[PDB]
Structure formats: C-alpha cells, structure tokens
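Because only heavy atoms are used, hydrogens play no part in the values below, and waters and symmetry mates are left out as well, while side chains stay in. Below, chain A is the first sequence line, B the second, and so on; all start at residue 1. First listed ligand is number 1; within each ligand, the first listed atom is number 1.
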There are 2 protein chains.
Amino acid sequence: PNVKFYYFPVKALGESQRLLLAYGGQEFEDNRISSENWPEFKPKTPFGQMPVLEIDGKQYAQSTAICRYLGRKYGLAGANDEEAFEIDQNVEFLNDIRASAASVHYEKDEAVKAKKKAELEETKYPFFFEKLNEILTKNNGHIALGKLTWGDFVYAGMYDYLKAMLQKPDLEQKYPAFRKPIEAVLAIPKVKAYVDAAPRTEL
Amino acid sequence: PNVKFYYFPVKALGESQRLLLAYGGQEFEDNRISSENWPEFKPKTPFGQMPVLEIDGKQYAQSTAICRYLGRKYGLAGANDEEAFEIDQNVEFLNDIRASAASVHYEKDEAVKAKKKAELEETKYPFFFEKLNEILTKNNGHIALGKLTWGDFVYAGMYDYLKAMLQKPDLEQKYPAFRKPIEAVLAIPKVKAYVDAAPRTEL
Ligand SMILES: N[C@@H](CCC(=O)N[C@@H](CS(=O)(=O)O)C(=O)NCC(=O)O)C(=O)O
Ligand SMILES: N[C@@H](CCC(=O)N[C@@H](CS(=O)(=O)O)C(=O)NCC(=O)O)C(=O)O
C-alpha cells in the first residue's frame, strides 16, 4: 500500500504509529508537519488534529485507534477476543496516567499548576506507579499478555513525553521495570533501524 | 455465563456497558456500589476503579475496552478491520469531548473553572459541536458506519453526564441530531425494557 503518516515533529502521541509501521516492514512517508505549516493541513484532516495515517488515499485518525488497527494487521493484538481485550484494557490505564499528567503539564497558571501537581503527587501518582509496576512485572516487561503487543508500542512511543509531563525524568531509577517495554520494542531490528534513522526530539 | 457488573449508582461511564448487556440479552447482576461502600471493593478491582464487569469470575476493567469487547460479542463492531477502526476512531473523538468538559466540571477553584470554561467555549467546544453534528449527520443518526454500533451505546450512556459537564442542558435544541443515537438505542426493545426497569439518575 501507499502509506503516509502526518504528525508534528515530536514523538508524543504519534511515535507509536511510526514504530508499528516500522515493525510491520511498511515503507511510509514520515511527514513531520511543523506548527507553522500545520494550519494549511488542519482542515484536510478528519477531526482537525494529527496524527493522521493515510493508506491508499484513505485517512485514519485517532492515535489509539490507529495503533490498534496496525496491531491487528501485524499480529500484535492477541489471538482471540480475550487477549485483545487485555491489551485494550491496559492501554486505557496508560491513558489515565497520561491524561492526569497532562492536566498538570498544560496548566498555564503556575500557582494552579503547583496545586494540581501536589494533589496528584499525594492522591493519584503513587497508585499509578505501583499499578504500572505490577503490570510490567506480571507481564515480564510488557504492557499485556506477557509478550510483545501493540500496547508496548503505545508505551514506548510516549514514554519520554509522559516523563516530561510527570516531571520525573528519573522515574525508572525507582522503577527499573519501566524501561522494559522500550527495550522490547528496540530489540526488534526493523524498529531499531527506523529509530536510528529518525529525527530525534526531547518529547 | 454468570455476569455481574459493578459501578457507581450513576450512568456516567458505566451505563454504556449496562445498555450493551441488555442489547445482547445477557442477564446480569447490576451491582450499584455506593460511594460509602466502595472502599471495601476498591482493592478487589484491577485498577482501583469502576466499572468492572465480571464474567464467570473473571474481571474486565476499563469502560471503553469493555464496550468494545461486548460490541464484538454482540455483532456491533463492524464486519472487518476497517469498519471496526471507524467505530474506534469516532469513539476516541467522543472521548476528547468528554475529557475537555471534565477539565471544567471537576475544577474545584471557581475562578479557575470560569477561565477554563470561557477558553473552551471560544477554542474547542464550537469545533467539537460542529464535528459531532457532521458525524451524526453523515452516519444517519449514528456515531459510525451509518448504522447501530457499540459507539452509539457509548454515546447514549454518557450523554446526560456530558451535557452536565458542558453546562449545555439544551444542547440538542441547536443540534437536533444529537439525540439520534439515544433514540436508536432506545428503539431496541430489550434495551428499552432494561432502561424502564433501571434506577434513574441525573448523570
Ligand atoms: N484524540 C486524538 C488527540 C490528538 C491531539 O490532541 N493532537 C494534537 C497535538 S498532540 O498533542 O498530539 O501533539 C493536535 O493535533 N493539536 C493541534 C490542534 O488542535 O490544532 C488522538 O489521540 O489522536
Ligand atoms: N479509565 C477508566 C476510568 C474509570 C474511573 O475514573 N472511574 C471512577 C469514577 S467515574 O468517574 O467513572 O464515575 C472511579 O472508580 N472513581 C473512584 C476512585 O478512584 O476511587 C474507565 O474508563 O473505566
């Protein structure tokens, strides 16, 4: 198929799709649209956002939905409904962590941001980190099924962005399991080759 | 199967699962756990939250993941990968609306809440409402595929909760399409029977 991927020049929510395309051996145009050029493309997208994946002229939007689609195409979505459910479930948990951290990161009033951060540090984050540690340990370094799944790609693509929003650059010092899905994805030669060749960003 | 559903005594994020079980003709224990009793059950759940669906003793958490699972079991997830993708995509869009509204609704500082609300009213909500109107019109009163899907159940279950968070009780006056997925779900006799028999709540 003729495949084009459109996202900002950052990893954040789109990198997981890039990593999955690499995994599946799919050649693609990796179109990294700057903030300055984005307004020209915005009204051409399904929801006025990126990422957008284009396959043979047809557009696919919504990062998690795209990852699940690619996951199924590439054999990373389990063998049956129950296995597929578990990946969905655990990725939805990751999304709760991300949404919580984003509520702090994108707060423009610094006094409000400080209050929110402190609240999450006492009432959500300790629970999230222990739960993530449980999941990664139960699954032998993976997000789900004890083995490589599309959930690991979601995790690996957003991990640096999530750490930035949490303001815990050193998270994996206390929780060494947290680097394991990233190592799993990078151990795949096609994926490592794409990462080596790809533009670097902090988030 | 022996099926039990655990959630708070509210519609909010859990009602879509109740509606789907009704659709599929699945008898279930609808266990509405109060805030007062919830701390006893919390550590028995997969992530310290509800909803939780139990099937033959096995627990399933994460509302959207559960809905998609039930959707597939009951023939409401499309006929192929492309159709399934579209439902996922459009439900992920609904989630963006919900997450945005929740950022206002759950703000405890009223001065901050007012600023956030005003910002969303000028910069996100007009776009969300036009996009939702497009989708519902394109799909003949549905969230996806031009026909009944599990996405309609997600929409119908949370609609009153979403309107409460948006502070637009009268939303469907400007946008009459917005009531159509709810009408579609309620036109199914098994679903209407469950709704008639079920406890009522404002959200
Ligand atoms: N639910 C969507 C959210 C996408 C989204 O928020 N995209 C952003 C930026 S990023 O946060 O993902 O980097 C966007 O297009 N922003 C630009 C705009 O809204 O004009 C998804 O998961 O794909
Ligand atoms: N991502 C989860 C979120 C669930 C969630 O936030 N549940 C809440 C309340 S509700 O907002 O959905 O009504 C909960 O259990 N809160 C209780 C607690 O955290 O102790 C899902 O979609 O199921």
Considering the heavy atoms of B:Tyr7, write down every atom of ligand 2 situated less than 4.0 Å from one of them. 10 (S), 12 (O), 13 (O)

Ligand 2 atoms nearer than 4.0 angstrom to some heavy atom of B:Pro51 are 23 (O)

for atom 16 (N) of ligand 2, nearest protein heavy atom and its distance come out as B:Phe8 CE1, 3.9 Å

Judged by atom type as modelled, is there a donor-acceptor pair below 3.5 Å linking the side chain of B:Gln26 to the main-chain atoms of B:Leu21? no

Is the closest heavy atom of B:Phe47 to ligand 2 under 4.0 Å? no

In this structure, does ligand 2 have an atom that sits under 4.0 Å from one of the heavy atoms of B:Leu13? yes

Starting from atom 18 (C) of ligand 2, which protein heavy atom do you reach first, and at what distance in Å? B:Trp38 NE1, 3.6 Å

When you compare the side chains of A:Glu15 and A:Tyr161, does any donor N or O come within less than 3.5 Å of an acceptor on the partner? no

Verify whether one side chain among A:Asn31 and A:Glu29 offers a donor that lies under 3.5 Å from an acceptor in the other. yes

Looking at every heavy atom in both B:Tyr74 and B:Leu20, which two are closest together, and how far apart are they? CE1-O, 3.2 Å

Could you check whether A:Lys163 pairs with A:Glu172 (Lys NZ or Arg NE/NH1/NH2 to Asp/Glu carboxylate O, under 4.0 Å)? yes

Should B:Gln62 be counted as touching ligand 2, given the test is an N or O pair under 3.5 Å? yes

When you compare ligand 2 with A:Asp96, is there at least one nitrogen or oxygen pair between them that comes in under 3.5 angstrom? yes

Would you call A:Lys116 and A:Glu119 a salt bridge, using N to O less than 4.0 angstrom? no

Side-chain (B:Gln59) to main-chain (B:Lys44) donor-acceptor, under 3.5 angstrom: yes

Against heavy atoms of B:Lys42, which atoms of ligand 2 measure under 4.0 Å? 18 (C), 20 (O)

Could you tell me the residue and atom name of the protein heavy atom closest to atom 5 (C) of ligand 2, and the distance to it rounded to 0.1 Å? B:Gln49 NE2, 3.4 Å

Decide whether an N or O pair under 3.5 Å exists between B:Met50 and ligand 2. yes

Has the side chain of B:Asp152 got a donor or acceptor atom that lies under 3.5 Å from a matching backbone atom of B:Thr149? yes

Side chain, backbone, both or neither: the part of B:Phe93 lying under 4.0 Å from ligand 1 by heavy atom: neither

Which option, A:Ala12, A:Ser35, A:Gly48, owns the non-hydrogen atom nearest atom 19 (O) of ligand 1? A:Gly48

protein heavy-atom neighbour closest to atom 22 (O) of ligand 2 works out as B:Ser63 OG, 2.7 Å

In terms of side-chain heavy atoms, does B:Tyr175 have a donor or acceptor partner in B:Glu130 at a distance below 3.5 Å? yes

Could you list which atoms of ligand 2 come closer than 4.0 Å to a heavy atom of A:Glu92? 22 (O)

B:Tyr69 and A:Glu86: side chain donor to acceptor below 3.5 Å: no

